[PDB]
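The structure appears right after this line, and notes come after that.
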């Protein structure tokens, strides 16, 4: 797990993986998943059409 | 007809408004809120409860030596003791003196009560706000259904269509991480499933109450059996979850501001009071009557009989009118000085009627409109005798609500006289300067 | 417990919580003598009427000394072209009305 608290035992040794230096994510706040691909689309928010 | 306005975020106080379609009589509109739930989105991280360290049966060799294997168990422990010479019922257990072996393995598993009381660790995120609104208009009775607090989704109640606007503030009483134990909610931080200091909160963390894998550190350590008795002793630090249930502070439903009562089943935060909620409603066209089929009043005279500061409905006034025909038309005070208890009046030919109002000002200077005709009202109010009441105020206190007519006179005296006493001082130096120029030539 | 106009909620034992709100009764009288208007606003606004009284006694004090700085500067300019020459005839309007020092000689 990529966080600076949880340790993992790989065989005998113990590895702590630090947090990532960038908070960048490719996703938007709203996504549309059709089939096997994702689209950074906006929503009518269930009230409009 | 579409009528947009801004309502405050108060639960018990209704919002009264008067729509005005041209060529038609005005229709009274009353919107009241019955609920206000802020529902954040949560994902469960892990649960925690009291442990139970079970011990298997140790092996006893009469004369020999074995070493155990490392087994995939949480906090598994092995320690081989040499030369015990154990005793049981019916004489000594083994014959080979001074060289014996006891295994005495132990490990930590979950308890039976973990399916009943366990603290659940949550991370919250911003979700949906939902509210319930009570709606009436004209001669139609009260109709109610729940709405969504966002400026897009409409709700159809009765024959109207209401779009509740998004909240003006994004305040939420929850922290980023919360702990839900039993009935109440706490604001707390987690050791993130990989750490635990064996005595505070995370000495036994499981991701799911029915999960197979379990993490536990409890400083489990076996001791040597004494005097030839077949038993396995151990010492360890006590439970952190048992320690947490004593040394925990006040929950979130006793600390949170704005009077937010906290429920549990979707983990909402009910009935907060912060900001304002914009409105947008669609009154049907069948609720509008023509303007020619209504009474037209004239010669309106308003006199305030009794007024008082009290929070609830403190004021009686009388209005003398003269109407052409008999009928019904609503009353409304559009200013923020006073709110009106009544909604409509029954009219006659040159009679009188009474209305009740509540205000926070010493001298009310409000006006009301009846039968699309306005009339001003003035008076004086007295402070109330009661000290503490058990209902919220119907009105809103302004900045100049407490300033009386005597206190206004002392403000004008202590500002106008001191301003003119510099102006006379400034104009005194503009007289001898003109005189000195005349004396030069 | 201090209860303000916003309210206060208290729980006692296994009883349900109860909410109480405070009104604006006070003790003083607003329509009366100057020793009663100050008392009434001292109970309703104890945090503001001790600043506004100190502000209004500071605006008045500053305005009092600035005006007499200009009034006495006007006063000695009435006299300085007339008391240097004793044979100059002082008009009777400037003796008492326009400036304080009366005529002589």
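We're sticking with Swiss-Prot numbering for chain B, so the shown stretch reads 802-1242, in order.
Determination method: electron microscopy, 3.4 Å.
Quick reminder: no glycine exception, Cβ is built from N, Cα and C everywhere.
Segment annotation: Swiss-Prot labels region 'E1 fusion peptide loop' over residues B:885-902 (candidates B:831-848, B:849-866, B:885-902, B:903-920). When Cβ atoms from all protein chains are considered, those within 10 Å of residue B:895 (disulfide bond) total 18, not counting its own. Counted with DSSP, the region 'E1 fusion peptide loop' (B:885-902) comes out as 0 helix, 3 strand, 15 coil.
The sparsest Cβ neighbourhood within 10 Å, among the listed disulfide-bonded residues (B:863, B:1073, B:1108, B:1130), is found at B:863. Using a Cβ-Cβ cut-off under 8 Å and counting only residues 6 or more beyond its ends in the same chain, the region 'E1 fusion peptide loop' (B:885-902) has close neighbours at 860-867, 1026, 1029-1031. DSSP gives residue B:1130 (disulfide bond) a strand state.
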